[PDB]
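Analysis of the macromolecular model
Single-letter residue listing:
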Amino acid sequence: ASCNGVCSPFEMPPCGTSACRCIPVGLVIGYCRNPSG
């Protein structure tokens, strides 16, 4: 499943997966985005 959602930039791994990366579009909140799109 393609990674997508909301994640705290402090959370590791974000969205329960190290394959994805969290975009810090907020002070303590961001969004999960897969490094494949």
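In terms of determination method, the entry is listed under solution NMR.

Looking now at the UniProt feature "disulfide bond" in the chain. Below 2.5 Å lies the sulfur separation expected of a disulfide, and the 2.0 Å found between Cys7 and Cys22, a pair UniProt records as linked, sits within that range. Pair noted here: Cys7 is in strand β1 (residues 4-7) and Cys22 is in strand β2 (residues 21-23), with a separation of 15 residues, a long-range link. A residue is classified by how much of its surface remains accessible, and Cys7, at 1% relative accessible area, is buried. By relative accessible area, which is 12% here, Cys22 ends up buried. Below 2.5 Å lies the sulfur separation expected of a disulfide, and the 2.0 Å found between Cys15 and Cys32, a pair UniProt records as linked, sits within that range. Taken together, the positions of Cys15 in the loop between β1 and β2 and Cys32 in strand β3 (residues 30-33) put the pair 17 residues apart, joining distant regions of the chain. Residue classification places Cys15 among the partly exposed positions, given a relative accessible area of 38%.

Rules and cut-offs
Residues numbered from 1 in each chain as written, not as in the entry; some residues may be left out. Heavy atoms only, no water. Disulfide = S-S within 2.5 Å. UniProt positions renumbered as here; feature names shortened; annotations may be inferred. Helix = DSSP H or I, 4+ residues; strand = E, 2+ residues; numbered from the N terminus. Buried < 20%, exposed > 50% of the residue type's maximum accessible area, 1.4 Å probe, protein only.

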